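As numbered in full-length UniProt numbering, the sequence shown has no gaps in its residue numbers, which increase by one up to the final residue, 361. A virtual CB, placed ideally from N, CA and C, is assigned to each residue, including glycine.
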Amino acid sequence: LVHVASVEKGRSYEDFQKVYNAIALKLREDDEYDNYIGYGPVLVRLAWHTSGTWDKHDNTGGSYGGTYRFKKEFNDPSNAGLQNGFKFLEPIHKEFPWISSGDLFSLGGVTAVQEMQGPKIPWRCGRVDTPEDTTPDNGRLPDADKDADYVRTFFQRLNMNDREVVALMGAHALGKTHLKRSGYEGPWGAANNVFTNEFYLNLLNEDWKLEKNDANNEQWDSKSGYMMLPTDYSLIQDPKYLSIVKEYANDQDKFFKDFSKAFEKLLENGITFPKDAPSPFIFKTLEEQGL
Ligand code: HEM
């Protein structure tokens, strides 16, 4: 199936900047969530999980149809906790009922990255809601207890190469694992609602110990109180991933640029943009607008 982007009728960059801004203002206001981490990280994860069901082989899943709104997908065990991001976005959608669900979930992620002082992420509109029966089955999102070979093979289905995978994984600077959600517990670093390359620095520089958490799962833990999932740790066990980790640990701008590309790509898999579609939008942050 071909999913052609269709601009919400009559809308242009200013309409979407208003949606951006409403997301960004609520991110600022609703600051208590998750022990004052705020909603930035879970919105980034919502954008990723709503996009990461894509299968390049048959164009099933992906961000286009906004299918997370249907119970099979919002109740995917892999999506446990993302209901908080959805609930956050509900008043946004009520204010701007014209935006499609896929456009709102993906825009939430862009807005979160940028408001957390991350790179600009160009964003294109035009996702169109598709019906309940287009919701992908559970099981397309990745397991965390696996090795580098798993990770590499997993991401081939999303058409991501080694550099794109290592870049995307840098989002694990953000937020934390929650035991009751994923069976893993702890943050990956100190700056977990500011977008930086800390994930790579911690992988290389902390003294990690392989421990069992209280759900009986193995994770890597440091004396600073940080953790890495087995799939995170695989990025320094595999020599190809390791090189790239070192690159991003040593060049913040490079990480920003590569993350931006990979994240836009993730959010756009599966969508065909007509030749005469608008160019991608680059939203101004609240700070840049003086808001
Ligand atoms: C091999 C791939 C990946 C695996 C196995 C994985 C696994 C996990 C797990 C287990 C959690 C913790 C969920 C919880 O307990 O709340 C998590 C959190 C998160 N992941 Fe991933 N992840 C992967 C890739 C990504 C990518 C590609 C991104 C986005 C670019 C991403 C962004 C996030 C964010 C932002 C959080 C924190 C959520 C929060 O604090 O609520 N992850 N991930």
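In the DSSP annotation of this structure, the continuous segment of the beta strand (DSSP E) that includes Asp291 starts and ends at 288–291. Taking each of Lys354, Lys345, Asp217 in turn and checking the Cα distance to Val77, the smallest one comes out for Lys345.
For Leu280, the beta-bridge partners assigned by DSSP are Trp290. In terms of Cα proximity to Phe140, the closest of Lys331, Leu305, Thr204 is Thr204.
Within the segment 111–164, the runs of alpha helix (DSSP H) at least 4 residues long that lie entirely inside it are, in chain order, 141–144. Residue range 322–338 is occupied by the alpha helix (DSSP H) that includes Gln322.
Taking 7 Å as the cut-off, one finds at least one heavy atom of ligand 1 near enough to the beta carbon of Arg115. Rounded to whole angstroms, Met230 and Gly240 show a C-alpha spacing of 14 Å.
Beyond the five residues adjoining it in sequence on each side, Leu211 comes within less than 8 Å, by CB distance, of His119, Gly122, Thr123, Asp146, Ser148, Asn149 in the same chain, given in chain order.
Taken atom to atom, the span from the alpha-carbon of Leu312 to that of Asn275 is near 13 Å. Exclusion of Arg227 from the 7 Å shell around ligand 1 follows from its C-beta lying no nearer than that to any non-hydrogen atom of the ligand. The beta carbons of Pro189 and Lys282 sit about 36 Å from each other, so the pair does not count as a contact at 8 Å.
For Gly256 and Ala347, the gap between their C-alpha atoms comes out near 42 Å. Counting only the Cα atoms, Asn263 lies some 25 Å from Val221. As computed with DSSP, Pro257 is found in a beta bridge with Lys246. Counting only unbroken stretches of 4 or more residues, the alpha helix (DSSP H) elements lying wholly within the segment 84–114 are 103–106, in sequence order. The nearest non-hydrogen atom of ligand 1 is less than 7 Å from the C-beta of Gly151.
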